[PDB]
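Below, chain A is the first sequence line, B the second, and so on; all start at residue 1. What's counted below: heavy atoms across the whole structure, side chains too, no hydrogens, waters or symmetry copies.
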Amino acid sequence: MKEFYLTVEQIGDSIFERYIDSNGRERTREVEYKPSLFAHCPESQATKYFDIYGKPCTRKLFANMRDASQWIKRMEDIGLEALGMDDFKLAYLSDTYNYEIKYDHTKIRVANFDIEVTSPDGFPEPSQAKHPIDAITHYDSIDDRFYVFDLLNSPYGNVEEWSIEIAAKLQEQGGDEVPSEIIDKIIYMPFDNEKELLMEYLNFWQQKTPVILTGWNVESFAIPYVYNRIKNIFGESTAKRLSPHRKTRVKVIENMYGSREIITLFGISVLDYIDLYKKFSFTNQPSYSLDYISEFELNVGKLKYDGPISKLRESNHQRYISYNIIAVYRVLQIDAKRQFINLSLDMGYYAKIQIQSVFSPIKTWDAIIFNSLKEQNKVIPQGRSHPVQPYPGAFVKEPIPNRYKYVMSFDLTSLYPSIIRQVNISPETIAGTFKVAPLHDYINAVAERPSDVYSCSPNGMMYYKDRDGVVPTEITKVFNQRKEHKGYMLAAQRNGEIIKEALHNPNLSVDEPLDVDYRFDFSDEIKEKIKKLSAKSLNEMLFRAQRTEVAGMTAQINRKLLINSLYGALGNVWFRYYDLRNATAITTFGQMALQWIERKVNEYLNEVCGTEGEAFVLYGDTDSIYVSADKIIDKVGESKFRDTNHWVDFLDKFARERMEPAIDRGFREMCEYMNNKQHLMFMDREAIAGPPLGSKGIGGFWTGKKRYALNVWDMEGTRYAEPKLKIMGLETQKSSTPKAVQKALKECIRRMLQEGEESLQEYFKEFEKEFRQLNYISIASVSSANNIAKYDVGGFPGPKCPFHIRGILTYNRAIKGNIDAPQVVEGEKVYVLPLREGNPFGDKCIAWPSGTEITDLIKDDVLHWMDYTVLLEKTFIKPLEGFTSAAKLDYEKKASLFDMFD
DNA sequence: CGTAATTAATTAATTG
DNA sequence: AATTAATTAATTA
Ligand SMILES: Cc1cn([C@H]2C[C@H](O)[C@@H](COP(=O)(O)OP(=O)(O)OP(=O)(O)O)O2)c(=O)[nH]c1=O
Ligand SMILES: [Ca+2]
Ligand SMILES: [Ca+2]
Ligand SMILES: [Ca+2]
Ligand SMILES: [Ca+2]
Ligand SMILES: [Ca+2]
């Protein structure tokens, strides 16, 4: 097989590499890598190396990496550019793997682990590690085994062995319900003392050294705790054994508070799953505890136990260990669904970077671009210092707040990356500037043509047309991968809807789910067989379809993120190819494109309807337009339609056969106007929205910019079995909004768009009536807890203290003096509740750590003094008032003449 | 060390 | 309560 790296480090003058060799075995080598850097040389000197602008370079080959670094510094003292890859391990990888890497994941040791630490005096700080480690569960992907290291004897209690028999039993049998599919995969090792547990863990680590190290909060807790505990007991050199090269870096981090240190293990790639989740999930959660995320992702019940965690080992060691193991499994279950490890490996190997560098799109793009240029013997420019400067972004249209009955939306495919490709925007393709006219002059096609030679953006930039820049070339490659996966995602989604339809009439039999590839639209024979399936088979298939869709979604959305991050990197000072002329050429072109096509769409529809000056485009943001279709529907008459799906078909057909051709013509003209390299402005139909035929639903509404709701029947080719609410920006979409309120507001909106005014009034009346029975967590607001210290004056709110910070300060006073009560962690999330006047907490609100029950000491008082009236007005009535006034509806039935009868 | 546009909630100070 | 400036949090794209 083809070889691939596992890990790479620079340690002084050595590269330490772990790799899989041609036979599929893991090896390590230390290489005295001799790096090369480059300097400009005279034009009349023969060389094969050129910088990105075509200037000739001479190669400087150094005896070691230290000399290369010292040369860089001397070139600074002289005042001359030092060209080439200054990150020597990336040059090493490029030299050693001068080909497209084909990796085999089954050869990569992916370790998932978690530790338990009993602590009587509060949270066990990793940098102190003063408490014994009493449990470690370490899953190894190669063995497919959970290795359980259990401490039977501790200063905090002596316990009996964990029983795998009880662990397997149902909770109703007094067991721990450890999933049966992992029971056989557990290797249980009990220990008489902590020293031997840790010594054996380290020997184990030595034999099964993680390549990818993951788990939940392992970067901030497990890794620092284990390192420091071993350091405290055995000395530093023994702790360093967690690195295969015996080198570590301790950093008492310095950017915004937090002096609790993170440990870098050389020769290991740490991908903390919390960080993977935060970057790649496209969620913002109210809480990031494993219980909360597990429940959200997998629909598994919370891990339940009596008493505080500080007494769990002592009171119920059996459950203590069982839950440690389950915790480890849950991360694996989340990854089976989300596939962030797969994504990280794909991205890392494609770019040829340390896998952990996937968190940095700048590093990722620096390496991709470097490798691409190196292929042609081109030399990358030196990184430079830049002051941070603001620059202009997208255009957002001010919508008229209103109900909108029939809406067809259109959307530009992968806009900013397509602009890069269309215009040919790259550091080395800059050809010059032209004299800009005001933007609206380009929008209206009255400004003079920017250039008859070069490809142009309305910000004034000109680009060469003779050849594609490295940025367009490389962004194109990742875009095409993205497109392939989006195609799989959409097919799985369409397939999901076929299954839902068939679920309306399940057959009465014992059968099995069909063995199908869900990434492809079901064939006619599959569709026929589905119509004969049982509910159980159909449900399992739906689950599988939806799992395929999620897999597709991860692969596609994160490749979209990567390409959009290349645009973003052009606007970040730490990017080697940072250039505000390029970033601004992209955004300015976007503003023109949107407004240009708004004008064209209005012109086209005014023609086809025989009107003049009618505004058909009601809204747009960045790259999307929302077109009112009321007149289109009214031209045929609602009476002609058999059902909802009939007008949805009509609009779908009108969009595809009439509007899209016109839209294409308009963008082709714009391309010629800007003299661009390639027409890549593709604006396809996104949404078809409207009320159910014959209903009193309003269909949709806008309250303002980035705040709207639509009742959608079809989304980019997916015809829904049930209409789906597309709600953007409103309180239902915000993690800060109480869960019960999100739900209730979503139902108000549903009733508005699908059923009408009366249905909404009926529901509101009921919600207001029953509101007070709702669980306190369900009606708590959520916020991030930043800068607590700044606003803390003696334990009371300082000037300008934010509402949620006040809540925290109240909480601190309430629990002050208690070492064991949950502390609010700076930068973490908190639940927030209003408090009625005259309460014992001495303020108007209380906040506590999110995802948790409030400590039992003050729970009864919070529940007693919760201000339900303030909660209702602030979180529910206020936004609903906003929705309904924008929609011209009343959430409460107003008086009428009819009130004088019966 | 990916980006900008934009919203709502909030505090402080004002709005004769 | 409204409006205005400044902060904060969180979205849409
Ligand atoms: C979501 C997102 C968008 N944008 C910018 C760049 C996008 O091209 C532009 C439009 O956003 P989107 O319409 O959300 O996405 P897209 O057009 O790039 O890709 P597609 O529609 O095919 O899924 O907004 C970012 O810069 N960063 C982001 O994270
Ligand atoms: Ca735990
Ligand atoms: Ca788009
Ligand atoms: Ca689309
Ligand atoms: Ca059937
Ligand atoms: Ca869009």
Side-chain angles (χ1 to χ4, degrees), chain A residues 255-256 279 282-286 357-366 383 385-386 388-399 401 409 411-412 414-417 420 475 558 560-580 582-584 586-588 590-591 594 619-626 686 702-708 726-737 781-788 790-791 797-807 827 829-830 832 834 844-845 870 873-875 878-879 881-883 886:
Chain A
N255 56 307
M256 192 191 179
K279 191 181 176 60
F282 286 79
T283 66
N284 197 354
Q285 297 290 6
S357 284
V358 297
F359 295 117
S360 166
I362 288 175
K363 181 55 73 154
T364 299
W365 280 115
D366 196 41
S385 185
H386 310 277
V388 180
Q389 280 188 306
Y391 72 94
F395 173 77
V396 190
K397 194 192 161 71
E398 193 72 66
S409 75
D411 169 73
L412 280 148
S414 192
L415 183 62
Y416 285 14
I420 293 187
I475 216 180
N558 286 300
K560 171 183 165 166
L561 176 63
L562 188 61
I563 59 180
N564 290 338
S565 293
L566 179 55
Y567 147 69
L570 297 171
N572 180 293
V573 296
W574 302 98
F575 196 38
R576 191 182 304 275
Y577 314 98
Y578 171 79
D579 196 329
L580 250 31
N582 286 343
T584 301
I586 295 162
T587 69
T588 309
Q591 287 204 9
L594 186 53
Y619 184 69
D621 180 341
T622 307
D623 72 324
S624 71
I625 51 157
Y626 292 78
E686 199 102 301
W702 263 259
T703 87
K705 285 181 178 176
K706 300 176 186 294
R707 285 186 62 89
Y708 63 92
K726 191 191 156 63
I727 305 160
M728 304 308 302
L730 309 182
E731 283 69 19
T732 61
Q733 308 315 105
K734 298 172 74 71
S735 63
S736 45
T737 300
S781 291
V782 183
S783 187
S784 292
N786 294 315
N787 286 304
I788 303 161
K790 171 189 260 196
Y791 293 102
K800 256 274 194 158
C801 183
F803 190 81
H804 60 289
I805 304 300
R806 182 179 292 274
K829 289 194 187 181
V830 285
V832 184
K844 66 177 176 177
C845 59
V870 166
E873 291 296 338
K874 268 164 41 172
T875 71
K878 207 183 194 308
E881 161 68 32
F883 305 164

Provide, to the nearest angstrom, the distance between the CG atom belonging to A/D623 and the P atom belonging to C/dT12.
14 Å
If you compare every side-chain N and O of A/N572 against the phosphate oxygens of B/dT3 (OP1, OP2), does one of them come in below 4.0 Å?
yes
Should the pair A/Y708 and A/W702 be assigned to parallel (<30°), tilted (30 to 60°) or perpendicular (>60°) ring geometry?
parallel
Looking only at heavy atoms, the pair that brings A/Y626 and A/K726 closest together is OH-CE, 3.9 Å
Rounded distance (Å) that lies between atom P of B/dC1 and atom NZ of A/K279:
12 Å
Toward the 5' end of DNA chain B, by each residue's nearest nucleotide, A/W574 or A/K397:
A/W574
Heavy atoms under 4.0 Å, any strand shown: does A/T587 hit a base, just sugar-phosphate, or nothing?
nothing
Euclidean distance for P, C/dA2 against B/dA8 (whole angstrom):
14 Å
For A/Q591 and B/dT6, give me the distance from atom CD to atom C1', rounded to whole Å.
14 Å
A/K726 has an atom NZ; how far is it from atom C1' of C/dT11, in whole Å?
13 Å
Would you say the side-chain atoms of A/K829 pair up with the backbone N or O of A/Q285, donor to acceptor, closer than 3.5 Å?
yes
Could you go through nucleotides 7-9 of chain B and list every protein N or O atom that sits under 3.5 Å from one of its N or O atoms, giving the distance for each pair?
from  : atom 1 : to     : atom 2 : distance (Å)
B/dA9 : OP2    : A/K878 : NZ     : 3.4

Separation of A/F282 atom CZ from C/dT12 atom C1', in whole Å?
12 Å
How is A/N284 classified with respect to the nucleic acid when contacts are heavy atoms under 4.0 Å: base, sugar-phosphate, or nothing?
sugar-phosphate
Could you check how far CG of A/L415 sits from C1' of B/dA5, rounded to whole Å?
15 Å
Would you indicate, from the sign of the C1'-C2'-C3'-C4' dihedral, whether B/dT14 has a north or a south sugar?
south
Please classify the nucleic acid contact of A/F575 as base, sugar-phosphate, or nothing, using heavy-atom distances under 4.0 Å.
nothing
Among C/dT12, B/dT10, B/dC1, the nucleotide that comes nearest once only the side chain of A/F803 is considered
B/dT10
Check: A/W365 ring centroid to A/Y577 ring centroid under 6.0 Å
no
Using every non-hydrogen atom in the two residues, find where A/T587 and A/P392 come nearest and quote the distance to one decimal.
OG1-O, 2.6 Å
Between atom CG in A/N255 and atom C1' in B/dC1, what is the gap in whole Å?
10 Å
Partner nucleotide, any strand, of B/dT15 [Watson-Crick/G-U, under 3.5 Å]:
C/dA1
Select base, sugar-phosphate, or nothing to describe what A/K844 touches, counting heavy atoms under 4.0 Å on all strands.
sugar-phosphate
Between C/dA1 and B/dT10 - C1' atom distance, rounded Å
15 Å
Can you tell me how far P of B/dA5 sits from CZ of A/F395, to the nearest Å?
13 Å
In Watson-Crick or G-U wobble terms, with both distances under 3.5 Å, the base opposite C/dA9 is B/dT7
If you look at every heavy atom in A/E731 and A/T737, which pair is closest and at what distance?
O-OG1, 2.8 Å
How close do A/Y416 and A/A394 get, counting heavy atoms only, and between which atoms?
OH-CB, 3.7 Å
Side chains of A/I805 and A/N787, heavy atoms from C-beta outward: is any pair under 4.5 Å?
no
